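Written out below as C-alpha cells is the structure these notes cover.
Note that we place each Cβ from the backbone using ideal geometry, even for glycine, and neighbour counts take in every protein chain shown. Throughout, read-outs are computed from the coordinates displayed, never taken from laboratory work.
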Amino acid sequence: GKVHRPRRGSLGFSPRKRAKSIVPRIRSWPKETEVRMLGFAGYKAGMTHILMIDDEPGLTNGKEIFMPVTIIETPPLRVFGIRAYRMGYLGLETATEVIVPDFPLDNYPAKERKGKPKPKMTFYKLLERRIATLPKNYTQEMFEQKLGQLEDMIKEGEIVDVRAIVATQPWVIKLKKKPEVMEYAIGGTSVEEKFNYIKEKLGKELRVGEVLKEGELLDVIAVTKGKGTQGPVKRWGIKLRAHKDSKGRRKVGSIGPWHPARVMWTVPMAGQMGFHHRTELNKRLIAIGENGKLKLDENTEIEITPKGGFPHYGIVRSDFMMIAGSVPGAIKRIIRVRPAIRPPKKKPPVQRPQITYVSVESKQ
Amino acid sequence: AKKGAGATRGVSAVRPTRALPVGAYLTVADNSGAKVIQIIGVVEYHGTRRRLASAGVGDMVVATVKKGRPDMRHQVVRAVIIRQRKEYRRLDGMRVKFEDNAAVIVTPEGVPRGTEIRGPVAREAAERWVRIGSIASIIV
Amino acid sequence: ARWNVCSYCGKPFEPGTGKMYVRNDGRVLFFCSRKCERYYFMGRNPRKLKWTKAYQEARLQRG
RNA sequence: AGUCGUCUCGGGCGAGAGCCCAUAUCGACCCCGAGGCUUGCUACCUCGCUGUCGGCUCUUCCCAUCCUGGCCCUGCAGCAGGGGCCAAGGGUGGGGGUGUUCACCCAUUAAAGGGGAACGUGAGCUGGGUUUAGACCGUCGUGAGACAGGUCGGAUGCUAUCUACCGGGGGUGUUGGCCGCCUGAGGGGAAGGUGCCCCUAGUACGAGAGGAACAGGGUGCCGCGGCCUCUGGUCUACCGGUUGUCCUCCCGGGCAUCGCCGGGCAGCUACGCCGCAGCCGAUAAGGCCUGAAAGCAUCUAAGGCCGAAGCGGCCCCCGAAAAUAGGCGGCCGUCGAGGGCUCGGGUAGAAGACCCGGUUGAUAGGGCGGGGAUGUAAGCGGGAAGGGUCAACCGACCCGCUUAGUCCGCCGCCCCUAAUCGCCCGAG
RNA sequence: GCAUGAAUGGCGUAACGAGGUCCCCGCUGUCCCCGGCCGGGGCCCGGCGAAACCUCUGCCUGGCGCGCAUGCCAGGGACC
RNA sequence: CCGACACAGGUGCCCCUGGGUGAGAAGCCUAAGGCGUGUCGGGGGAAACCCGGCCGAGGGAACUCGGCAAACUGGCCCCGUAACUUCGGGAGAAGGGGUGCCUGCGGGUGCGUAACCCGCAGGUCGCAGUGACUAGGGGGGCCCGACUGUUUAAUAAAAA
RNA sequence: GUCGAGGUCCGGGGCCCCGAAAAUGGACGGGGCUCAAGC
Ligand SMILES: [Zn+2]
C-alpha cells in the first residue's frame, strides 16, 4: 500500500435498485410489553423550524436552541382485518385472516354537486381501489363465525402470533381516494390479549394520540426521492479526473486490473439513484397535533400550516406528527413510523419539550 | 478539580465552519510583533486523501510569520483564530459573520504571547480559550 | 424568541433566520436577507425605496 | 517460467558483553531453513508486433502488525522504554527541491507498515523521463561519426462482435386463471472507526522531580445513509437599471454571450441540516480449578471456569427461479373475474416500467381569493440647474395619485372546459 | 577545470524574442470540492442507409500444458 | 473549376462598396441586393455521459514536470516614470486621478448662428458612465542568439 | 528411616508432535473417512 483511502460509497445498500413497492415494508419490529399497535402511517406534509428549551443530555441542556422539524399529516387509520400466524418449517406462515363486512362510510367529504344527491359512499368501495376483489354477500353472522374459529385455533395453541390489518383514509384529507393497506404487529406477551385488543378495535378508527407517545424516539421508513439514472460521481462520490483529461471527467479511471479478467461488482458504476427503501433511526417525536392546530400553553393554539400553505402540498386538516429532523421521501409520500428498535442508553424524557417559537411564515 | 483558575482551555457549544484551509493568510490582531501569518497546518485534526486541513473561529493552527519585526519573521508559531469572513450558525439559528480573517498568536499551551487584542473577539474563541477572553476588550 | 430588526429595511424578521455582521470598529448590524445585506454594502439609498422604513422618515423629512 | 548465488525473514550451539548472572537486552566463529517482495543466472513461450518508467482514477488480496483491541517476560517504582505472543474489522494523511520509485527534509498525527494483482490499471487518462528523425557543449576518432555524458524541441488511432459488471424491461415454468397482504432459504454491510477534554487526581507510585488506572460525563475528525426549515451557490421562469443600433418620435419591442449589471421564489445542490445499539454465544494468546500418568508435584493427559477492535446473532439493504419453484383471505372458470391500449397529470422516468385522477370527479386548464419575487408602472398635475423677446414653449432629473405596475414551473374554493367515444387479450 | 580558453574565437553587452529557466505583486474552479444553468449530441419516433472486423464458439476457482485456457482435468454456478 | 463527391480545403477576394456609433475597409445594428439549399425532420424538464459557453460562497497555486487552461489589465485625457544604455532607447516602464446624461458660456480656422475640433461653470441618476461592442496584466534575476528575416509541405520554429 | 513392588539410568527401532509465514475463493481428482475409507 502506498496512499490509502476509504472506499467510495457503501456496499451494504446494494443493489441500488428501484424499490419493490412504493408502500414501505417493515422487516423487523420492536419488542415491547405494552399492548398497543407498533407504529403508524401518514403522508409527508413539509418542513419548518422551532425554538425550544433542550432537555436531552449534552452541553446545550436547558438552553434555547434551533431545531428543524418535519410535519407529517396522519388521518386516522381504519382497523379492518386480523391475521394469525403459525410456525412453519422455515418460518412464520399465515394460518388465516378475517376482515369485517361492508359498512357505510361516515367520513367521506361528499359535496352536493348540482344534479343527483350526495353519493352515499360506503366501505368496500374505497377499498376495491386497492384490493379489487372483495367478498360478496358477506354478513355479520359468517364474520362472527370466522372470528370464533380463529379464537378457537388460538385456544388450541397453533397460533404463535397475531397482527392487525389496517388501511389509510386519504379521502378524509382530500389527498386521493385509493387507500393503502398494511399490517402492524402488536405489543405484549400473550397472543390472547393481542387478539382481544385487535378484536375490540376491529372495524373502528385509530388515531396517533391513542398509540404513539409524545417525546419518544421512533424509526421512520419510506421510499426516498427519485433521481433517475446518475453517474458515478453523484452515485458513489468518486473523485473527478484531472482537468487535462480528454475522455471526460465524471467517470471512473480504471474498472479493474488485468487479473481477475472480469469487472468486479464493487467497481462504482452509473445506475438508478433515489427511490430506494431506507430506514432512519432515533427520530424524536416532538408533538402530536389535532385538527391542524397545535396547543402550546393551554391558552394559545396555532395552526401548523404556514401562510400560503405547504409548498406542493395542501392544508393540514387532520392529526399530524412533528418529527425532529429530516425524513426520507418526497412530498405526499406515504411514511411509516415504528417505536425505536435500537434506542441509545441515555435518551430524552418521554414528554413534549418546552417550545418557545413555531415558524408559520411563508415557506415559498 | 484540577486547575480551577489556571486552566487555559474551555468548551463551547457552537462549532464554527472550517472556512480557512491551509495556505490562507490571517491578520495578526495583537501586539506580539507579527502582522501577517500563513496557515501551514491545523492541530487536533485528521484529514483524508487530498484534503487540505481547514480551521474556523476558535481553532488553533500552526503558522509561519510573513510580516512583522525582524525577530518574528520566518518563525513557526501557534495562533488561535478569533474572526473569520465566512458566516457560521449559532444556537438561536442565526448566522454571525465578521469583517476579516484575524488571529491571535499564542503559545502551544494557550497563553497569548501579546498583551493587547485589537477589535472584537468571537464569543466562541473566548469560551474556548480563557486567556484570550480575559485579555479581549470587545467580545461579541 | 426575539424578533431582530434589519439594519437596512427597518423591519423585524423571525427567529432562526437572518444574520449579524460585526464590524472592526465594534458595531453590529442585523440583516434579514442577502438582498438587504447586498444593498447596504453596495450603498443603495434606503431612503428612496418605499418598501423600507427609512422612506417614511425621508417623507417626514421633506414634508 | 525454472533456480535462489544475491536479497528479505527465521532457527540450532553459546564464546563473549551485561557490578555476581550466557539467555532483561545483544549473540562473535560455525551450522540448518522459509519467501519469491532486490539483483543475478538459464534461454522454456511470445519477434506476420502482448505499446515503456513515473503520476492521477478505481477495485481487490497476503501478514513477516506501524496505530487501534487483548496479553506475556523485563536490568517493568509511576510516567515511559526493550523483547515476544493472539489478532488483518478499521486507519495509515498534507507539503519542498527532483520525472522520479526511492531516499532526504517540514508542520501535524494514534500511526503517518511493508508488499501481491502481466514490476494491477494507456480499446481510462497525462506524457515529465527512456527511445527515432532537428540542434548545442565536453571527450574520443584523420574522417564519416560515437558516447548505460549533459541540454532545447519532438504524434498517444476505436461505430463493442462475445463475455464481465451496473441499473432498466418483455416472457416461460412453478400440474386452471386473477388480485391483495405476507413469510424468509440464500446473498451484501464497516455501518461504523478513531482522537481529545472534565472528574477520578496532583490521587496510587515515588526521596524529590514527576505522575497513572477502573468507573462516570462531553465533544471533534474520518466514513456511511437521508433532507431543503435555516445559511450559501445557481436559477437563459420572472422584475428593475442601463449602452450601441433599428422599428419616425412617446409608450412598447428586435439584435448585440441572457447585450451587460443588481436582485431573485420553485427546483437541484453543499459550504447547510438531521440519523448511525452496545448486549448476548462460542473462541485465539493468556490467567486459573480438579487431577493422574510419575504414592509428591503439576493449567492437560480425561474433565471444568473465565478471556480480544477478531468470529456468529440482534440491526440495515436485495430477496418466491428458493427445482422442497412458499403461505393465507377473496374473486372467477370447469359466458367470464381480472387486465392492456386510448384520456387528464406526476410522489416516476433514456425506451419500458412506476404513482394519482377519470362524471361514485377538483387530474389539468379558466375565474376568484391567499401567499410570494422585484421594487413604485403608463398617464396626468407640480417643481427643477438655466435658457428663451427673461413672453409662449424646451429641459436631464425630482415629488403625488403609488407597497404601485408586471409576473409566478406555489396553495385554497367554484364542475365553466377537457378527463369522451372506442378497441384488443383473457383460465376453461 | 574527470574532460574551459582566445576567429571550430574568449569575455561583456543596450535593444530585440510565440527560445530555455528561477522568483515576486495581482488574478483566478488548477486545487480543498465540487454544485447549478444554457445550446448541440446522446435517448425515442418517420425516412435514406454503410464500413472496420469475423476459424466455429464464447461463465468461473485450483491445476496439467509450447510454462498467462470461454472450449482440457476435478470441482462451483448458470431459466430464456 | 481542381481535389474520386452537390468535399468546411485550394484556385479568385482578382476589381468595387449606403446610414449610425466610432481614428478606422475593426466589432455591433441597419438600408440596397441575396438567401432560408453552409438542405433530413418530429418528440422531450427525455436521464447518465461527451463537446462549446455563463456563473460560483471562504481560501488563493496548497494542483501540476511546469500557473497547461482560465482569470486580472484593457479605449481616451492629465499628472508621473527606475536600473541600465550603443545616448537612439528602456517607455504605453512602474504607479495615480478622471470618463454618463442635461442646462448655459468661452476658444481655433471659417463670410457664417455652414462644417470640424478644443476648454469652462452649474444641476442630476445609477452598484457600475471606454456601462453593450471594441479594448495591453506587470516587475526582478540567469543562459543562449546582436537585431528584421529563413527552416524539416505531413510529430522538431529552436540555442539551428 | 518409616513405609512396601518394581524402581533409576543409558544406547536404539516404528508412528506421530513442535520447528512450519502469501498474496482472486479451492483442492487427498471430489464427497468424505478415525479397531479407517490411514499406515
Ligand atoms: Zn432587511
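Loop-located GluC sites (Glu not before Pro) in the range A:229-300 (DSSP state other than H, G, I, E, B) with a sparse environment of at most 14 neighbouring Cβ atoms within 10 Å: A:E298.
Sites listed here are GluC sites (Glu not before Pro) in the range B:60-128 whose DSSP assignment is loop and whose Cβ has at most 13 other Cβ atoms within 10 Å: B:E109, B:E116.
For the residues of B:92-104, the average number of beta carbons from a partner chain within 10 Å of their own beta carbon is 5. Seen from a random direction on average, the alpha-carbon convex hull of the range B:1-58 projects onto 6.1 square nanometres. Between the beta carbons of A:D161 and A:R250, assuming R0 = 45 Å, the FRET efficiency works out to 0.35 to the nearest 0.05. When the charge dipole of the range A:42-195 is built from unit charges on Cβ atoms (+1 for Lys and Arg, -1 for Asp and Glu) and taken about the Cα centre, the candidate among A:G88, A:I99, A:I154 whose Cα reaches farthest toward its positive end is A:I99. Toward the positive end of the charge dipole of the range A:40-97, with +1 on the Cβ of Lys and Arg and -1 on the Cβ of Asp and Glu, the farthest Cα among A:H49, A:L59, A:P75 is that of A:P75. The Cα center of the range A:325-364 and the Cα center of the range A:148-191 differ in position by 26 Å. The chymotrypsin sites (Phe, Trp or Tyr not before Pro) of the range A:217-293 that DSSP puts in a loop, and whose beta carbon has at most 10 other beta carbons within 10 Å, are A:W258, A:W265. Charges were assigned to the Cβ only: +1 to each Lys and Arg, -1 to each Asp and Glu. The resulting dipole of chain B about its Cα centre is roughly 380 debye. Taking springs between alpha-carbon atoms closer than 10 angstrom, which of A:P15, A:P170, A:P349 fluctuates most in the Gaussian network model of chain A? Comparing A:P15, A:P170, A:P349 in the GNM, the peak value goes to A:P15. Net charge near A:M87, counting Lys/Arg +1 and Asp/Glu -1 over other residues with Cβ under 11 Å of its Cβ? So the environment of A:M87 carries a net charge of -2.
Past 21 Å, Cα to Cα, is the threshold; run A:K363/C:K19; A:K178/A:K295; A:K227/C:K19; A:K225/A:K346 against it and keep the listed order. Distance filter (> 21 Å) returns A:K178/A:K295; A:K227/C:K19; A:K225/A:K346.
When DSSP beta bridges are restricted to pairs lying wholly in the range A:21-98, around 100% turn out antiparallel.
Take each residue in C:20-30, count the other chain C-beta atoms within 10 Å of its C-beta, and the mean is 5.
Most tightly packed first, judged by the mean number of other beta-carbon atoms within 10 Å of their residues, the peptides A:17-28, C:29-40, B:2-13 read C:29-40, A:17-28, B:2-13. Against chain A, whose longest principal axis comes from its Cα atoms, helix A:140-156 is set at around 70 degrees. Based on DSSP H segments of at least four residues, each scored -39500 (n - 2.57), chain C has a per-residue ellipticity at 222 nm of -8500 deg cm²/dmol. Placing a label point 7 Å from the Cα of A:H312 along the Cα-to-Cβ direction, the residues of the range A:142-178 whose backbone N falls under 20 Å from that point are A:174-177. Using C-alpha pairs under 8 Å with a sequence gap of at least 6, the mean separation divided by the residue count of chain A gives a relative contact order of 28 percent. Between the alpha-carbon centres of the range A:278-324 and the range C:5-30 there is a gap of 30 Å.
Just so you know, the Cα atoms of the range A:270-364 work out to an Rg and Dmax of 15.8, 56 Å. Provide the net charge surrounding C:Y21, with neighbours chosen by a C-beta distance below 10 Å and charges set as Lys +1, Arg +1, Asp -1, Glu -1. My count for the surroundings of C:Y21 gives +2. Mean partner shielding of peptide A:58-69, defined as the number of other chain Cβ atoms within 10 Å of each residue Cβ, is 3. According to the Kirkwood relation over distinct C-alpha pairs, the hydrodynamic radius of the protein assembly as shown is 29.2 Å. Each label point was placed 7 Å from the Cα along the Cα-to-Cβ direction; for A:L240 and A:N299 their separation is 5.7 nm. Modelled label positions at C:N45 and A:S10, each set 7 Å beyond Cα in the direction of Cβ, lie 5.9 nm from each other.
Using the rule -39500 (n - 2.57) for each DSSP H run of four or more residues, divided by the residues of chain B, the 222 nm mean residue ellipticity is -2000 deg cm²/dmol. What the Cβ-Cβ distance of A:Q351 and A:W258 gives, at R0 = 45 Å and to the nearest 0.05, is a FRET efficiency of 0.10. With respect to chain A, whose longest principal axis is taken over its alpha-carbon atoms, helix A:191-201 is tilted by about 70°.
The charge dipole of the protein assembly as shown, taken about the Cα centre with unit charges on the Cβ atoms of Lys, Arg (+1) and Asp, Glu (-1), comes to about 4000 debye, rounded to the nearest 20. Computed on the range A:49-191, with alpha-carbon pairs under 8 angstrom and 6+ residues apart, the relative contact order is 26 percent. For the peptides A:200-213, A:139-152, A:322-335, A:66-79, the ranking by packing is A:66-79, A:322-335, A:200-213, A:139-152, with the highest mean count of neighbouring Cβ atoms within 10 Å listed first.
Taking 0.36 nm per residue of separation and subtracting the Cα-Cα distance, full extension of the segment from A:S326 to A:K31 would add 103.7 nm. The phi torsions of the range A:334-345, fed into the Karplus equation with coefficients 6.51, -1.76 and 1.60 and a -60° offset, translate into couplings of 6, 10, 10, 10, 10, x, 3, 8, 7, x, x, 4 Hz, rounded to whole numbers, with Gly and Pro shown as x. If you restrict to DSSP beta bridges whose two residues both lie in chain B, what percentage is antiparallel, to the nearest 5? The answer is about 85 percent antiparallel. Centre-to-centre separation between the Cα atoms of the range B:50-126 and those of the range A:81-147: 68 Å.
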